[PDB]
Amino acid sequence: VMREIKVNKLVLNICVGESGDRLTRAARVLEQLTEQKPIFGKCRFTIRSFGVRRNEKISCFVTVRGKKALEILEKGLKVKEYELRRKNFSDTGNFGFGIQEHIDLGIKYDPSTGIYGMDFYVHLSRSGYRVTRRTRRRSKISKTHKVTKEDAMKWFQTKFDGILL
Amino acid sequence: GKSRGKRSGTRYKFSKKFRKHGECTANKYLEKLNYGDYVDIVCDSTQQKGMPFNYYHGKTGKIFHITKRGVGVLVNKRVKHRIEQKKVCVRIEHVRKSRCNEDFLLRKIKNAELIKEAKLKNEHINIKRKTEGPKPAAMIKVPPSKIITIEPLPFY
Amino acid sequence: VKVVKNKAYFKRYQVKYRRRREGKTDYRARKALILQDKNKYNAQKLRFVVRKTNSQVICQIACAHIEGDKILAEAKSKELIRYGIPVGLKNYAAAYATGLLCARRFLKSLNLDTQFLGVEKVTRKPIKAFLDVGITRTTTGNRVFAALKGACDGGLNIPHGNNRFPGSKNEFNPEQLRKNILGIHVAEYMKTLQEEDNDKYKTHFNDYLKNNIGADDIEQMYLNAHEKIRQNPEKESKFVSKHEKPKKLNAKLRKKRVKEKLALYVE
RNA sequence: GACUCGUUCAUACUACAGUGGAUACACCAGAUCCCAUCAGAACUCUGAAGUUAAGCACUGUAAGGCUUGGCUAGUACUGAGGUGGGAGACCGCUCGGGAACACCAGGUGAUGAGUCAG
RNA sequence: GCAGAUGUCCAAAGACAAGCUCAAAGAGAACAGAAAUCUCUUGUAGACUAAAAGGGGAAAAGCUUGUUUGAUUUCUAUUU
RNA sequence: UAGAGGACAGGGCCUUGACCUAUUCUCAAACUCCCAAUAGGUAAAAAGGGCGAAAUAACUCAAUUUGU
Ligand SMILES: [Mg+2]
Ligand SMILES: [Mg+2]
Ligand SMILES: [Mg+2]
Ligand SMILES: [Mg+2]
Ligand SMILES: [Mg+2]
Ligand SMILES: [Mg+2]
Ligand SMILES: [Mg+2]
């Protein structure tokens, strides 16, 4: 009725693993694609082998909603020609995939930038999600109202004519 | 070396009870106190201001001073051949209206009407309480069918 | 996968208060707002409660007693339909008017409305009360501060600063406050939405056009209602229940529901 | 039939299910203006097309927990007396007080001040 | 007698306010794996709170922000 | 301490120890859901208590009566 399923948001992530100029170039790539100033991720712990230090900027990410989200998703699923494995769907009703080169999305090559790859993730949900996030009288969503793993596949098939391996 | 600090030996006395942690209720702040009232000192360890000393936990005294959020109490304490009066200054969360006095007040209010009636009809009534005493004789009726015979038990 | 909601987990659980569990009362702001000096006994410290539901706004005067506090005055926003204000009953102006109504009504009950006139049209020691904002957060232009202004413009004294009125983050301009009290922001919205999106203008303000309230006569209706509210604030002077509530079974009944379930399972 | 502010602070909590929409409480339609973010998600401001799907109210489950009573049991411990028993370790008698786990059964709330609608 | 600690440290780790919620686990996402960043679901504190050990703490006493210098001058009733 | 019932390594559809769920023998000055017997503390009326009127105040209160 009004328990249809929509897209709550779309989170874009690129982990470079290092500080300096490369991270700022990746941030510029995200700004160009999404038209939003992004923010940077900070490493919780210390690991010698990956060369990560505490509080150091390692990645940059952004989140989008509404009309803009359904078309960045469209570009991403176009690059994969609407092909997703069945493993990509979590047991809660979400999914996501990846891209190895950011040029395929329509950004002109640049001798300074190089290649960057990103991740996509969707977080499907129905309406009435506000009660779990409002400050005043926040409560819980019942269980039938939640989205199951089968529904995240039926929705994909119907909406995008996608193909499940 | 010896260790006689201020809160020594308060592990079990100064800790919240089971499934009853947390700060006090809102109605705690609406209690009414006057000069000369009786009062109980019960330390509440979720408020660290105005904390009474170890000894005065669970004692009873009279009020001699009232302030913004504090109360002064007169408490007895025995020192080796005599009893000294102490003036304890605690905050309002560690103070409770005493209940040791309620039987006297109910007794006065109740006996007033009895005296009023007795003098109204010119009578001689006793109002002092009565110690429990011996019992009078009675005739207790029991059918012979309801008496049961018992005897010591063999060992197993 | 070790289970978390174990039997031992349930045995040790301590529950919070009912109204904290329901997201209604703070209980740290309440007690600070109620406690008075222990040596200042027999003084009650009234407080001005403002709540804003979805499509309404409420005001009260409470007194914080030991068995349940007492309401001394009350005023709801839908009552403004009687004072000549149709739809628009969530505005900044609606808040102002509801705050005014409560003050005038409260003074009348005590026969003091003639010694405390408040202020005339918007441009002894008074009774004092303190503002309870509930759970909302206090930005600038929050609608609860319009109620405070409408009640101070009455005969009351609500202690307050000046930097939380609209557009007053660092400087206090009274004209822009006066604009929001008379709903001029709504009027200018009706203006600007009319030029572009002329059909969206008809969809957004449907219940305005239906009542014939145009963007050129908004201020005057609030001005009229202020005078009317001051003129007479007194209060004006079973259900079928087509659907039924079921009852609770007992120990005797629940046993045969299991007998018959097992008998049905047997075949 | 509903609402605001409270008291008790699980008989009031947790999991899975069934029922309900005069007014009302919500989900909801938006971002010019006060205001707020990476993000009108949240916060704030302006509305009234749609819906009981969810929140919420009321019920169910040889439900878990909680709570009261029976029982465990005069059992385990213990105040006073003894030119009491016994190599001892320990244990009865006289005058007194008296548990806890477990197990069985019944319940799953009650209430103060004010207000709205037919 | 038993198991330990003290002769330090801090312009913030002192004051006030607001917003927020921690350890851990499961399932998902290009390089990426046991450990890097991101989304969701559970979570009564299993984290944190200068230093021994005990007590306290969840719209906070923890985390992050904004404004500060009540770590100020003088006196009394008193507890250990 | 010991079996029972369930869905990471083991040569080529099974050792074993894992992980989970109900059980099972035995413990604590510096452990605790519960919790005695003994041992403690306050109270049991006339320099006081109750009740009704007044008079004083620079305190308190929206109150020349609000209260104290
Ligand atoms: Mg102590
Ligand atoms: Mg606050
Ligand atoms: Mg339903
Ligand atoms: Mg049960
Ligand atoms: Mg604790
Ligand atoms: Mg805070
Ligand atoms: Mg034993």
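Naming: A, B, ... by sequence-line order, numbering from 1 per chain.
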[X]-[Y] side chain donor-acceptor pair, cut-off 3.5 Å:
X: A/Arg133; Y: A/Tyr129; answer: yes
X: C/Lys169; Y: C/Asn163; answer: no
X: A/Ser125; Y: A/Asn8; answer: yes

[M] and [N], which share atom name [atom1], separated by this distance in whole Å:
N: D/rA36; M: E/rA18; atom1: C1'; answer: 14 Å
N: E/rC31; M: E/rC38; atom1: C1'; answer: 15 Å
N: D/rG69; M: F/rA45; atom1: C1'; answer: 43 Å
N: E/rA35; M: F/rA9; atom1: P; answer: 16 Å
N: E/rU21; M: D/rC43; atom1: P; answer: 12 Å
N: E/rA60; M: E/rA17; atom1: P; answer: 10 Å
N: E/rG1; M: E/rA50; atom1: P; answer: 37 Å
N: F/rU60; M: F/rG52; atom1: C1'; answer: 25 Å

| Mind checking whether A/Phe97 and A/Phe120 have parallel, tilted or perpendicular rings, split at 30° and 60°? | perpendicular
| query | Once you round to the nearest 0.5 Å, how far does CG of C/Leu193 lie from OG1 of C/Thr203? | reply | 9.5 Å
With distance as the sole criterion, do the side chain of [X] and the base of [N] form a donor-acceptor contact below 3.5 Å?
X: C/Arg18; N: D/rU8; answer: yes
X: C/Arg124; N: F/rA63; answer: no
X: C/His204; N: D/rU46; answer: yes
X: A/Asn94; N: E/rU39; answer: no
X: B/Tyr38; N: F/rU42; answer: no

| When you look at B/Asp44 and B/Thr46, which way does the side-chain hydrogen bond (donor to acceptor under 3.5 Å, both in side chains) test go after all the steps? | CA-CA 6 Å; B/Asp44 177 16; B/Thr46 57; 3.0 Å; yes
| said: As a test of reading the structure: which of F/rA45, E/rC20, E/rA61 is closest to the side chain of B/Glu23, going by heavy atoms? | reply: E/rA61
| note | Syn within 90° of 0, anti beyond: D/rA87 is syn
| field | Chi class for E/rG46: syn within 90° of 0, otherwise anti | value | syn
Between [M] and [N], do both key distances fall under 3.5 Å for a Watson-Crick or G-U wobble pair?
N: D/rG65; M: D/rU108; result: yes
N: E/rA77; M: E/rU37; result: no
N: D/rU8; M: D/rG109; result: yes
N: E/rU41; M: E/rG54; result: no
N: D/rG79; M: D/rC35; result: no
N: E/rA50; M: E/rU8; result: yes
N: D/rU83; M: D/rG96; result: no
N: E/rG57; M: E/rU72; result: no
N: D/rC16; M: D/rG60; result: yes
N: D/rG112; M: D/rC33; result: no

Sugar of [N], sorted north or south by the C1'-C2'-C3'-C4' dihedral sign:
N: E/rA35; result: north
N: E/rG7; result: south
N: D/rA48; result: south
N: E/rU69; result: south

| field | Upstream residue (5' side of RNA chain D) when B/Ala26 and C/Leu72 are each assigned their closest nucleotide | value | B/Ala26
| How do C/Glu74 and C/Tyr17 order along RNA chain D: which one's closest nucleotide is nearer the 5' end? | C/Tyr17
| query | Under 5.0 Å from a side-chain heavy atom of C/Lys76, are the groove base atoms major or minor? | reply | minor
| Groove in which base atoms lie under 5.0 Å of C/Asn54 side-chain atoms | major
| message | So B/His57 and B/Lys13, do their side chains get closer than 4.5 Å, heavy atoms only? | response | yes
Inspect the six-membered rings of [N] and [M] and say whether their centres lie under 5.5 Å apart and their planes under 30° apart.
N: F/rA39; M: F/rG40; result: yes
N: D/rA31; M: D/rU32; result: no
N: D/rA41; M: D/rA42; result: yes
N: D/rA73; M: D/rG74; result: no

| said: Within the supplied structure, the quantity of interest is the number of heavy atoms (other residues, nucleotides, ligands) at a distance under 6.0 Å from C/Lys179 NZ; does it exceed 12? | reply: no
| task | Return no unless some side-chain N or O of A/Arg44 is found under 4.0 Å from OP1 or OP2 of E/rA23. | result | no
| How does RNA chain F look in dot-bracket notation if pairs are Watson-Crick or G-U with both distances under 3.5 Å, crossing ones as [ ], other-strand ones as |? | .(.(((.((.(..).)).))).).................................(.(.......))
| Ring center gap for C/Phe205 and C/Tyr189 short of 6.0 angstrom | yes
